[PDB]
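> what would the 3D arrangement of this be:
(chains A, B, C and D, ligands or ions: 4)
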Amino acid sequence: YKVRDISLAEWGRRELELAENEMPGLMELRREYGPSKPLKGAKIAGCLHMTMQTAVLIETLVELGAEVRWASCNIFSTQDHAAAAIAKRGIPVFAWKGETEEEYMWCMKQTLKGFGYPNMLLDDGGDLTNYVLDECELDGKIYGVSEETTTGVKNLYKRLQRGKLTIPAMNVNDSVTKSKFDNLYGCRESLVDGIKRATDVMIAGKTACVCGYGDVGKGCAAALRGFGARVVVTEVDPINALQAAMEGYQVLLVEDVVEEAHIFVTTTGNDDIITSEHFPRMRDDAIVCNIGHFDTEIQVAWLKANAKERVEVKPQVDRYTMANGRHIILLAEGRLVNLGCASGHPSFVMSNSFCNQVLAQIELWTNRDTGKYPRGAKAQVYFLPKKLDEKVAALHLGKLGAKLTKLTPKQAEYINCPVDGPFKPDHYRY
Amino acid sequence: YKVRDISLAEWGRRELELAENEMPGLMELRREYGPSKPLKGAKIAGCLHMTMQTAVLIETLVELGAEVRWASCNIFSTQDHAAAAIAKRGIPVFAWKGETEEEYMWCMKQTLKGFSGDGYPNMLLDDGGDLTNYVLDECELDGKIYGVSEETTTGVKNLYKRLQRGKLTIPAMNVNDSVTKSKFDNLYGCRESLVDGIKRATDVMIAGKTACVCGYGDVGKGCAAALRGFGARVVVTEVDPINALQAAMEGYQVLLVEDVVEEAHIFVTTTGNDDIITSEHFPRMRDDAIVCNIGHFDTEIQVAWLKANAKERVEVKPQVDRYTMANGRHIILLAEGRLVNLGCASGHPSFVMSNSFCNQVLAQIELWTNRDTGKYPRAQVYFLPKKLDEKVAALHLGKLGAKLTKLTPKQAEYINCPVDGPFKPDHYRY
Amino acid sequence: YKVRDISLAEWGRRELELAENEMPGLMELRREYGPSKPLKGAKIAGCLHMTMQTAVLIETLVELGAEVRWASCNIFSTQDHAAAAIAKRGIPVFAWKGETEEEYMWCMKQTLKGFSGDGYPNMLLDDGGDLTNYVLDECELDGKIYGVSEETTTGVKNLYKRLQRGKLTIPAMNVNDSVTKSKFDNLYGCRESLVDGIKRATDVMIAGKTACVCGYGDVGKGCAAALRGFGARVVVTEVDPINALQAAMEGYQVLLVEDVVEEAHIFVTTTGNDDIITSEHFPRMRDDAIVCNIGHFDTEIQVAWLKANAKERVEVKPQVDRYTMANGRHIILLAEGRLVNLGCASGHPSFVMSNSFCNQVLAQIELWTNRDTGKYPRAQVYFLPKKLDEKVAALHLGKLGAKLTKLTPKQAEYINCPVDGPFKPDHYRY
Amino acid sequence: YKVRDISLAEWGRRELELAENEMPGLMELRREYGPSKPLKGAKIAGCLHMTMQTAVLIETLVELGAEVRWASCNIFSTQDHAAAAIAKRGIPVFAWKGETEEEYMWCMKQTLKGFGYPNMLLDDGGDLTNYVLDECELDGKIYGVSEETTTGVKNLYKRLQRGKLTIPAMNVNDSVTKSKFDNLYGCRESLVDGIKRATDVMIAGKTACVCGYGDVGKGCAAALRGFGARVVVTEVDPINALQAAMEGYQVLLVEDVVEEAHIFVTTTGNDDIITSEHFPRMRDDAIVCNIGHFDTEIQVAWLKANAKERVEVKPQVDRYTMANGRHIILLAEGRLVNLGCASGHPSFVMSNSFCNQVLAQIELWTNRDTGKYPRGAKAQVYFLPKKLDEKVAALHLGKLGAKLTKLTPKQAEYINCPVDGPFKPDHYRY
Ligand SMILES: NC(=O)c1ccc[n+]([C@@H]2O[C@H](COP(=O)([O-])OP(=O)(O)OC[C@H]3O[C@@H](n4cnc5c(N)ncnc54)[C@H](O)[C@@H]3O)[C@@H](O)[C@H]2O)c1
Ligand SMILES: NC(=O)c1ccc[n+]([C@@H]2O[C@H](COP(=O)([O-])OP(=O)(O)OC[C@H]3O[C@@H](n4cnc5c(N)ncnc54)[C@H](O)[C@@H]3O)[C@@H](O)[C@H]2O)c1
Ligand SMILES: NC(=O)c1ccc[n+]([C@@H]2O[C@H](COP(=O)([O-])OP(=O)(O)OC[C@H]3O[C@@H](n4cnc5c(N)ncnc54)[C@H](O)[C@@H]3O)[C@@H](O)[C@H]2O)c1
Ligand SMILES: NC(=O)c1ccc[n+]([C@@H]2O[C@H](COP(=O)([O-])OP(=O)(O)OC[C@H]3O[C@@H](n4cnc5c(N)ncnc54)[C@H](O)[C@@H]3O)[C@@H](O)[C@H]2O)c1
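Residues are numbered from 1 along each chain as shown, chains lettered A, B, ... in the order given. Ligands and ions are numbered 1, 2, ... in the order given. Structure as follows:
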């Protein structure tokens, strides 16, 4: 293994206890599936933010029988204490806060041997997937990949369309219990957290520009508005844009507010959102950040190349002075601000996300000599069955004291579903 | 025709001038498609709440070339000046506020005769499923219908029950489950039209009250939001753990009706299911508890039991009945359990109804124009194509002054869609 | 008496049974003070919107022993079934919906005669100041009035102008500035009754629209909140930097009417000032812009200019006038600039009006019982004592099921108040 | 001086730059009053949280001519970098994070000499005021004190009532621009910040108990609800309690929710809110914190004395194990959580607060041989004049782009104020 400081493992372990209590879903799967060991002999290479919450996931997969080796999926997201807690325990992990792109891909390469290869992939952003497929040989050897975020799943569909998807892929992001909770309610808390730990800026009164209005944009807009920001939103999709208008947000172009906005938040999963056209027009000390998976939503390379002064205010906060004499504050060098300047999403919402990930791995690994998840030419992307999506939500109601009504036989019949569900048809959007 | 009072045509013509300006989408289809007349030949049997909004829909269909005959799909939903205006214009309408069950039935049968030729309709446009049921189960139109478009969740639920049972003979387009309907009309429509119905009915203060919203689907989401916006403390009931986790995560107590039945001042039923508010709840309610339904059918509330077992019933005003129970305490029932927004107010505002009714126009066009293309065999349920979903939304941005960002080619390639969309994959939940 | 239609007494009696159950505070004063009759001798001249809520106020005063004569303080605010019920009960009322300016004037003069003795009133109860102005400037009652209680901000503003000018002769109790009035009625009342007036008037969608709220006092705060709750993008105008910073800090753009006059779909004037929406604004407005006022007098809007300079005026329905301007575009004016909540709807709900009208009962009791104690010389403006402010609030908690913590002696000593309060210093702003 | 680490001054200075930009009010007073030196020879002993924001205040008072010596007012609130930045500059400061009660009062004693005494007091919480008055001789020597928070001002009024107020006191907390901004909007951002930096807990879904519903409680409740918490509120005041009910919060007793609440937040400024009666009933890992000025709102001494295990999770987060085997997480040992576990209120809102503080010091110090602020027997508590309250708000509108409307002479006359204000009568509550 390799982590910043192994001494921090003790502190890491103390917080994993509190993290475990806040993740009743992951812990119940540990009770339920621990004994039967559904991932007996699984060899999972994981590429996903090395947080305290991922620490609980990792320890679940090992509890369910899996061998596992881990790397972060971002150079700033690793929490040095969670990594050290995993390392002290003996699960091979290669992650620390502040990796170079070279060290990053080094860490990811360490997880693809020494089990000896992996036979399963667990990924957040598609870097591992693309790498295993395009740079190794692991196309007779890997039985499935579980993909956690929208940009990675986009990646997966570009491969299916092209004819290059060689292994079955589970689309975890698009579980209702991931997509409409993690992406939405997670960012609604973890965006402002990163902004505030970085800059301690007052949100109340400010004009914020939120680019994109999908699940991430929805959450980020609701958070900023909640603290008294006036939020304006940009969009390319007429539907998402109209959702934003009907929720009371102005929908305009970045150019329309670039000179007046105090805060710029990128949420699209698309590159070149905030560019060389925008930077020189920004007000003094306009804070610029991104919460989408890749930093290239912001032209940071341009900012660095064209700024006249750069000051590290503190780690993951760079204050640039432009040729016009005004300042730009960039957060986490454009990397995911919630994970880079704070601790990401709280444990409780990641319990939903990671439950789907555990269920996904069980689905693909246990059914490996089944033909239910075909290899090679005919490999395709799948979702978790809706029954399992419901199971995950049901596992998280108790902690909150939410009480569920039970359908009578006549009611289930009238609605056209089973008494124990699934309750909605597969096209339902929640 | 058959309306209450034809001298209300003048007043309805005046409001339709305001309705037209609030429905840019429908008026923009009137301009785009009227010259070519794509529903020429079309003989539409219509069964949808006869409001001012539907009047702009009915005149769009006739501008597009269709012959049309209409009836309201609820006994108390007609706006009498709406029907009077359409009736003067020469369109056959059978609809008044306060139809008995007998009279309601007669009106529907009128819409299935009196076309040109041995003019039996060749098309259906449905809200709730009743017309579809009557035509397929009881009329003879066996060889004569090329499609049905279905407006609501309850009506669509029946279509899927029929298809499942091998009894769907005519192709059906699911309009409710267009994104620009379900995530707009069901949600934002109810967010404004629910409290409108309650207040016009009772003038009651929302702020400070305890309100039990039963169900937390698209309609339940909207109602809870509306009540909470006015300072109600809203508690939610759900059978679905996913919807329940959403409500919990938005700040609402999720409990059983029985947990709040003694303290709630307001009960709203939004389920699309029967026997939510029953004989076991009614005698437990606090004095002057307001009970209403905004689901399609009234049998979410056991109103027959209420009527059978009340000691006293008083009409405060039409559609507001105050019952005295055996216990001496009172229950205020709205619209006899009928959709309260349409029953005690005017239904959703025009602007949102423009989203829904655009979908209905493009669905009728899609079904009818492919009536000799063999694309919808006379039998499945279909969705409007996402391209047309987006179009609907795009037509409504201008009125609000919302501006849409345009993707570059690099950007569209990177996110895997055309520069002009569809922008999202078919399973996206918005 | 003089009402529109006395056969509406029956319908009004039925609604007053619901109003009574929604006004626990007024009904609790009826029980507490009725036995002792503390307003015995009292001859109250009343000038306050003749609604169902005021009917419960008028019957409380008469239960308390007072003789009372009433007139509405606005031409379109009367609820005709409210007046019909009070008129049947034997109380002299002069009030109908749609009084001319002549007729309005006659009704007020009726309330100043016909008491017992050479029965000139000995008390005034005012909303807006007009009765106070008429009695003091133009009637003879010079030796005969022991007090006036003033309901609203505009009326109270006049009382302070008079006191300043050395023209206040009768003691005045400022009821508007009780906390349980100003921070409740003005705020929460308008939060529900504004959109009620707009929607009953126009059925217009709020969601998605741009609304200009002019003024951000207690009424402005409520209106903006209401519009925003439904997905309006609200912009605010203010002359006061403190109120402006509040609106900015709550997420609202603070700008000049001229900055949004061309794009706003909805203008609300809440200032208590004249010439907010003027001849310079009207010709600039978008087609079918909705203009209304919820301030006391209509002259916040230059309606005379509008009427003088419109090419066309059309009555969509009573109190909804659609003007065609020289430019060909339309303006929708509500209630001819009169208070839109009372003009196009029913005013604030009963429950909040119970807070305000309790204050009015305890103010009349305070003034009248000290009518031979020399406490209010016949001349200053006064406030209800904070003890009675708190009492009003305390009377309304039960209905909502709110529970109040009780201070220990140690705790009351530590925060420097009695165990039973007053709990706050006289300058506390809540 | 004495601070943790003088080396941190550099980092401290970099952030004071960003803090200055975010405090346009303080910086404008520095421009306006810098030249004339209104505090020429002032000798200000300051007892107020030694944050980055206080650093900007301190440097303003020195810019305006004052000598100044500083101590924190809480043992956990000092930001070691801001203190070091002040110390490097040469302003005597005695503060570090993690002072003992002995070291704390040592630091406060250092500020009352070496100018040689002070002649002015600047205080947050009343510890300095009480000390200077009850333990020194500085009753011929001190010309005025400026008091920043509600509990200190309470203290001041207990002294006035008793007859022990010997020097004029400026009540800064009760400036509208302090009370209704700092207390309200400040806590609305800085509460969740402290909770999240401490525990990274998910707010969405949780039941939070907020004790008190004054300005602090209002903000804290709005913040928690904003992230999807279900917030219940406790109160002793019927008015504040009814405000909470009408905003949609349950109002109940701590005993009513003690077993189910995930988070307990104390906001009263009263002791013994969360006690030995509550601790043993709390759910596993219930988070307990206080945001009021003194930690004695929570019985921490009891918790420590009766818990079976205590673990420092990390600095300012103690996890206690109770005799029942369940856990309590206590934040900042019960001290102000926003300052103790985070960075307090953002700079922009503290600019309002500290502008009143600068204006206050100028008012008392410049008018020292005036008799406007009488010494000894007849000393009384004063507010800032309303003109100056408005000035402070006006200084903060620009940064936000808020545009103020200018009254015409007729409008100012009609409203009964000057064109340049003050705009409201002194009883106005905003
Ligand atoms: N930071 C985190 O902890 C975390 C969590 C979840 C998701 N994500 C990431 O966030 C990103 C977005 O995820 P999502 O679920 O919201 O995706 P999404 O598809 O739901 O939303 C993205 C939105 O951006 C819009 N868009 C595309 N190009 C645009 C342009 N140039 N300008 C304005 N809008 C544009 C799309 O139309 C879409 O609605 C992805 O990169 C995903 O991997 C990060
Ligand atoms: N009044 C209107 O103008 C209007 C508008 C749109 C839709 N509708 C109607 O409203 C109803 C709801 O529509 P929707 O789109 O929200 O449907 P939906 O399926 O999304 O929501 C209904 C919800 O009720 C829940 N439910 C079912 N039985 C329950 C029970 N016994 N107790 C608690 N919850 C239960 C389901 O889990 C579901 O989430 C339908 O009947 C639809 O036709 C009315
Ligand atoms: N319709 C109702 O049922 C109802 C209820 C209560 C009060 N009112 C009336 O509503 C009005 C407002 O009451 P309030 O309690 O909010 O008064 P308020 O003094 O608190 O608020 C009025 C606000 O308007 C601002 N203002 C003044 N002139 C302005 C201008 N030209 N442009 C922009 N802003 C300007 C002021 O600064 C002030 O903050 C009064 O006339 C009052 O009598 C009506
Ligand atoms: N942490 C910070 O950065 C900061 C900022 C501002 C104020 N404060 C402090 O916060 C505290 C409150 O300030 P505020 O301005 O809200 O005061 P406030 O008087 O407006 O509010 C306190 C409320 O608590 C209520 N109360 C008293 N005893 C109670 C009891 N035992 N149970 C429930 N409620 C009770 C009162 O009725 C009152 O409404 C003070 O100690 C003040 O110094 C701290």
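
> only C-alpha atoms for contact and neighbour calcs from this point on.
OK.

> how much space between the most centrally placed residue in chain A and residue A:133?
In chain A, the centroid-proximal residue (C-alpha atoms, centre = their mean) is residue A:149; its distance is 5.1 Å. Separation of residue A:149 from residue A:133 (C-alpha to C-alpha, to the nearest Å): 18 Å.

> repeat for residue A:68
Applying C-alpha to C-alpha, the value for residue A:68 to residue A:133 is 19 Å.

> okay, the two: which has more neighbours?
residue A:68 (24 against 17; other C-alpha atoms under 10 Å in any protein chain shown).

> name the SS class of residue A:421, please.
Three-state assignment for residue A:421 (DSSP: H, G, I helix; E, B strand; the rest coil): coil.

> checking my notes, residue A:68 in a helix, right?
No: using three-state DSSP, the assignment for residue A:68 is strand, not a helix.

> bridging residues for it?
Counting by DSSP bridges, residue A:68 forms beta bridges with residue A:44.

> my guess is it meets residue A:94, correct?
No: the criterion here is C-alpha atoms under 8 Å, and residue A:68 misses it with residue A:94 at 11.9 Å.

> leaving out sequence neighbours, find the closest residue to the closest residue to ligand 3 within the stretch 251-400 of chain A.
Per C-alpha to the nearest ligand atom, residue A:260 is where the stretch 251-400 of chain A lies closest to ligand 3, at 23.2 Å. Nearest non-adjacent residue to residue A:260, counting by C-alpha to C-alpha, 6 or more residues apart in numbering or on different chains: residue A:283, 6.2 Å away.

> residue A:75 too?
Using C-alpha to C-alpha, 6+ apart and skipping residues adjacent in sequence, the residue nearest residue A:75 is residue A:99, 4.8 Å away.

> distance of the one you found from residue A:69?
Taken as C-alpha to C-alpha, the span from residue A:99 to residue A:69 is 18 Å.

> more neighbours: which of these two?
Neighbour totals were compared for residue A:99 and residue A:69, and residue A:69 leads with 25 against 18 (other C-alpha under 10 Å).

> what's the helix or strand for residue A:356?
helix A:347-366 (DSSP states H and E).

> how about that helix, does it reach chain D?
Yes: Helix A:347-366 comes into contact with chain D (C-alpha under 8 Å from any C-alpha of the partner chain), by way of A:347, A:348, A:349.

> quick check: residues of the stretch 301-430 of chain A near ligand 2?
Contacts of the stretch 301-430 of chain A with ligand 2, taken as C-alpha under 6 Å from any ligand atom, map to A:405, A:407.

> give me phi/psi at the closest residue to ligand 4 within the stretch 301-430 of chain A?
The stretch 301-430 of chain A approaches ligand 4 most closely through residue A:342 (21.8 Å), counting by C-alpha to the nearest ligand atom. Phi and psi for residue A:342, reported as degrees, to the nearest 10, are phi -150, psi -150.

> equivalent analysis for residue A:298, please.
Note on residue A:298: backbone dihedrals following degrees, to the nearest 10 are phi -110, psi 140.

> can you list the buried residues in stretch A:72-92?
Applying a neighbour-count criterion of 16 or more other C-alpha atoms under 10 Å in any protein chain shown, one finds A:72-88, A:91-92 buried in stretch A:72-92.

> name the SS class of the residue of the stretch 251-400 of chain A closest to ligand 3, please.
Relying on three-state DSSP, one would call residue A:260 coil.

> relative to residue B:266, how far out is it?
From residue A:260 to residue B:266 the distance is 44 Å (C-alpha to C-alpha).

> got it, and residue A:429?
Distance, residue A:429 to residue B:266, using C-alpha to C-alpha: 28 Å.

> same check, this time on residue A:184
Going from residue A:184 to residue B:266 by C-alpha to C-alpha gives 30 Å.

> pull the number of nearby residues for the residue in the stretch 151-300 of chain A that ligand 3 sits nearest to.
Nearest residue of the stretch 151-300 of chain A to ligand 3: residue A:205, at 18.2 Å (C-alpha to the nearest ligand atom). If you count neighbours by other C-alpha under 10 Å, residue A:205 ends up with 30.

> just give the nearest non-adjacent residue to it, would you?
Spatial nearest neighbour of residue A:205, chain neighbours left out: residue C:249 (4.2 Å); criterion: C-alpha to C-alpha, 6+ apart.

> so what's the one you found up against?
Shown in contact with residue C:249 (C-alpha atoms under 8 Å, 6 or more residues apart in numbering or on different chains): A:204, A:205, A:206, A:228, A:229, D:185.

> rerun at 10 Å
Counting by C-alpha atoms under 10 Å, 6 or more residues apart in numbering or on different chains, residue C:249 touches A:202-206, A:227-230, C:243, D:181, D:185, D:349, D:397, D:400.

> helices - which of these land there?
Among those, the residues falling in helices (DSSP state H) are C:243, D:349, D:397, D:400.

> as JSON lines, those residues with distance to residue D:355 would be great.
Shown next, in JSON lines, are the ones in helices among the contacts of residue C:249 (distance: C-alpha to C-alpha, whole Å):
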{"residue": "C:243", "distance to residue D:355": "18"}
{"residue": "D:349", "distance to residue D:355": "10"}
{"residue": "D:397", "distance to residue D:355": "14"}
{"residue": "D:400", "distance to residue D:355": "17"}
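
> what's the most distant pair in these?
Using C-alpha to C-alpha, the two most remote members of the ones in helices among the contacts of residue C:249 are C:243 and D:349, lying 15.1 Å apart.

> which residues touch the residue lying closest to residue A:346 once chain neighbours are set aside?
Using C-alpha to C-alpha, 6+ apart and skipping the chain neighbours, the partner closest in space to residue A:346 is residue D:202 (5.1 Å). If you count contacts by C-alpha under 10 Å, 6+ apart, residue D:202 has them with A:22, A:185-186, A:189-190, A:345-350, B:249, D:195-196, D:227-229.

> what's the distance between residue D:202 and residue A:26?
Computed as C-alpha to C-alpha, the residue D:202 to residue A:26 distance reads 16 Å.

> do the same with residue A:430
Taken as C-alpha to C-alpha, the span from residue A:430 to residue A:26 is 23 Å.

> settle it for me: which of those two has more neighbours?
Between residue A:430 and residue A:26, residue A:26 has the larger neighbour count (other C-alpha under 10 Å), namely 31 against 17.

> quick one, what contacts the residue in the stretch 51-200 of chain A that chain D sits nearest to?
Closest residue of the stretch 51-200 of chain A to chain D, C-alpha to the nearest C-alpha: residue A:200 (5.7 Å). For residue A:200, the contact set (C-alpha under 10 Å, 6+ apart) comprises A:192-194, D:15, D:18-19, D:189-190, D:193, D:342-348.

> can you give me the distance of it to residue C:4?
With distances taken as C-alpha to C-alpha, residue A:200 is found 63 Å from residue C:4.

> and if you look at residue A:256?
Residue A:256 is 55 Å from residue C:4, by C-alpha to C-alpha.

> between the two, which one's more packed in?
It is residue C:4, of residue A:256 and residue C:4, that has more neighbours when counted by other C-alpha under 10 Å, with 18 against 13.

> skipping its backbone neighbours, what lies nearest residue A:169 in space?
The shortest distance from residue A:169 to any non-neighbouring residue, by C-alpha to C-alpha, 6+ apart, is to residue A:381 (4.7 Å).

> burial count for residue A:168?
Around residue A:168 there are 22 residues (other C-alpha under 10 Å).

> correct me if wrong: it contacts residue A:144.
Yes: counting by C-alpha atoms under 10 Å, residue A:168 touches residue A:144, with 5.3 Å between them.

> intersection of neighbour lists for those two?
A:364, A:373, A:374, A:375, A:379.

> can you tell me which of those is nearest residue D:392?
Distance to residue D:392, by C-alpha to C-alpha, is smallest for residue A:364 among the shared contacts of residue A:168 and residue A:144, at 63.4 Å.

> show me the contacts for the closest one.
Contacts of residue A:364 (C-alpha under 10 Å, 6+ apart): A:39, A:120, A:143, A:144, A:145, A:146, A:168, A:169, A:170, A:370, A:372, A:373.
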